[PDB]
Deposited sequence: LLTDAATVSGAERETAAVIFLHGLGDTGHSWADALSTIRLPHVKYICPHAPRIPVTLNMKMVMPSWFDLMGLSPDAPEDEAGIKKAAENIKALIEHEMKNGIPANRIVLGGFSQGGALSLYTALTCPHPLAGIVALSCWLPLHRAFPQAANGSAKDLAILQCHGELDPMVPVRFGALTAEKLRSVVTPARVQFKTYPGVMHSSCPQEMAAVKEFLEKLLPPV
């Protein structure tokens, strides 16, 4: 209803869409500039800006965050209400995209870190037949009480993680990958770890995202 983002429009008329959520801290300009490179002329890239809220993980100081974060471990408490609220906020945008001529199976939800976490939770709870997920160096929020759900989960997941990630533990990403394959079809989930890289992306990971989106959103 009230979306502010750095949207990358396609060269041709937009038939597919990607909603990418940046990591905790910055805005959508970084990932907009990054996704402008890997770019299919019929796919739009929406990169919203996270609202500046207090984050308990760091002295409860104010910074852009999709929800309230308290830890980066599987045993850490989670802002259940905030996660569900932000997931509804993302579902509204998905439904707007569908309402203006972009079907659900042409919409890909992606993100990085906390953005990738919110994207994973949204697409695994969205009742509309979404196309796929692109989760880079993140985790699944509220993974325990998760029926290993949503609706019509024929989703294609491309999860990528830094092997030497000092922020989000790589074993948290591995647990998330093993918990995702429980829900959807395990043949539809790719979980690529990248040696040497840390809490960051790399051209190989960007190329994996390019191939995933190119074979998941073809020029139809």
inquiry  = Lining up the deposited sequence with the coordinates, I want the ranges that have no C-alpha atoms.
reply    = 149-150
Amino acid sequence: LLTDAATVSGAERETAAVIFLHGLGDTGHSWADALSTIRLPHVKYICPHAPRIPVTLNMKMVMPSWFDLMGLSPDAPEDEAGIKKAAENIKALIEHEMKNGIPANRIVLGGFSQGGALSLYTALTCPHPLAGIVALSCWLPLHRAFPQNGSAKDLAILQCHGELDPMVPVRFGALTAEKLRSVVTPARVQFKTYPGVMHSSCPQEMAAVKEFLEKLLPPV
From here on, numbers count along this sequence of modelled residues.
query = On average, are the C-alpha B-factors higher in 72-80 or in 133-141?
reply = 72-80
Residue range whose averaged C-alpha B-factor is higher in the record, 169-177 or 48-56 = 169-177
key: Per the PDB entry, maximal CA B factor within 151, 65, 193, 30   = 151
query = What third of its chain, lowest, middle or highest, does the C-alpha temperature factor of residue 35 fall into?
reply = highest
ask   = Comparing residue 94 with the other modelled residues of its chain, is its CA B-factor in the lowest, middle or highest third?
value = highest
task = Looking at the entry's B-factor column for C-alpha atoms only, identify whether residue 157 ranks in the lowest, middle or highest third of its chain.
result = lowest
request  = Check where residue 100 lands among this chain's C-alpha B-factors and tell me if it's the lowest, middle or highest third.
outcome  = highest
ask   = Taking the entry's C-alpha B-factors for this chain, is residue 206 in the lowest, middle or highest third?
value = highest
